[PDB]
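In: Below is the sequence, then the experimental coordinates.
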Amino acid sequence: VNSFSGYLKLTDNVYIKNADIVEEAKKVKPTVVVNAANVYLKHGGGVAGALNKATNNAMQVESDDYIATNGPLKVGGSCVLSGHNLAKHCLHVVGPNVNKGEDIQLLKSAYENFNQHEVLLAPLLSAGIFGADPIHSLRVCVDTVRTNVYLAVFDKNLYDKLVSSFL
Ligand SMILES: OC[C@H](Cc1ccoc1)Nc1ncnc2[nH]ccc12
Ligand SMILES: [Cl-]
């Protein structure tokens with residue numbers, strides 16, 4: 001039993017809700033919130049901009065030190081950093097950004113990072129301003145993640161479309 005509430009159950013392990021991931025994380029304070037990161041951990045827009053703003057820029061300060069020490073992530077890769085006031089940990093995951101010409105096949109690799117964590121609050125990787133098809137992102141999520149994932153979908157018409165089109 002966990003404190004996630006109001007989710008629709010899609011499979012044994014994947015749950016979905018129309019929600020603002022910032023407000024969800026503040027309420028649940030989950031063990032892991034997933035950020036839709038880029039390789040530079042520059043949290044400017046989309047989910048990343050919103051999560052960073054909610055931390056009063058502490059996420060960005062921590063991220064800049066991480067990059068100065070370790071260099072950029074790989075597309076498809078991840079790192080675990082602090083969750084600040086939102087969660088215990090933030091798993092920064094880099095899905096391919098179609099608006100940069102990156103390979104959509106890397107989306108499965110990106111979702112594989114979720115399997116290192118028993119329970120996660122997450123957005124759909126490569127959706128929104130990353131330019132991929134969200135119906136496709138949900139399919140890859142369901143077919144790749146085996147741990148318990150609670151997906152927050154920001155857009156209401158998209159949430160309804162994702163539910164009604166889910167196989
Ligand atoms: O796939 C990630 C989606 C993309 C999208 C599609 C339509 O609008 C946004 N973004 C988000 N999902 C959940 N919580 C969020 N908080 C701020 C942004 C955000
Ligand atoms: Cl977005």
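Out: It's in. Numbering: from 1, shown residues only. Ligands and ions are numbered 1, 2, ... in the order given.
In: show me the contacts for residue 165.
Out: By C-beta atoms under 8 Å, 6 or more residues apart in numbering, the contact set of residue 165 is residue 135. All C-beta atoms are positioned from the backbone trio N, CA, C, and that covers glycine.
In: Check residue 38 too.
Out: 48, 94, 97.
In: Helix, strand, or coil at it?
Out: coil (DSSP: H, G, I helix; E, B strand; the rest coil).
In: and what of the one 5 residues further on?
Out: What three-state DSSP gives for residue 43 is coil.
In: How many neighbouring residues does it have?
Out: By other C-beta atoms under 10 Å, 23 other residues sit near residue 43.
In: interface residues of this protein facing ligand 1?
Out: Contact residues, the chain versus ligand 1 (C-beta under 6 Å from any ligand atom): 20-22, 36, 46-47, 50, 123-124, 127-128, 152, 154-155, 158.
In: Among those residues, which ones are in strands?
Out: 36, 152 (DSSP state E).
In: quick one: which two of the residues of the chain next to ligand 1 are the most distant?
Out: Spanning the widest gap among the residues of the chain next to ligand 1 are 22 and 158, at 17.2 Å by C-beta to C-beta.
In: Could you find the closest non-adjacent residue to residue 118?
Out: Closest residue to residue 118 apart from its sequence neighbours, by C-beta to C-beta, 6 or more residues apart in numbering: residue 147 at 5.5 Å.
In: Now do the contacts for that neighbour.
Out: 13, 114-115, 117-120.
In: Looks to me like residue 33 is in a helix.
Out: No. Looking at residue 33 with three-state DSSP, it is strand, so not inside a helix.
In: And the residue of the protein closest to ligand 1?
Out: Nearest to ligand 1, among the residues of the chain, is residue 128, at 2.2 Å (C-beta to the nearest ligand atom).
In: My understanding was that that residue contacts residue 47; is that so?
Out: Yes. Using C-beta atoms under 8 Å, residue 128 is in contact with residue 47, at 6.8 Å.
In: can you list the residues of the protein near ligand 2?
Out: Selection of the chain residues close to ligand 2 by C-beta under 5 Å from the ion yields 46, 128-129.
In: From those, keep the buried residues only.
Out: 46, 128 (16 or more other C-beta atoms under 10 Å).
In: From residue 99, how far out is the residue of the chain found nearest ligand 2?
Out: Closest approach between the chain and ligand 2, counting by C-beta to the ion: residue 128, at 2.1 Å. To residue 99, residue 128 is 10 Å away according to C-beta to C-beta, to the nearest Å.
In: With residue 51 instead?
Out: 20 Å.
In: Ok, residue 23 next?
Out: 26 Å.
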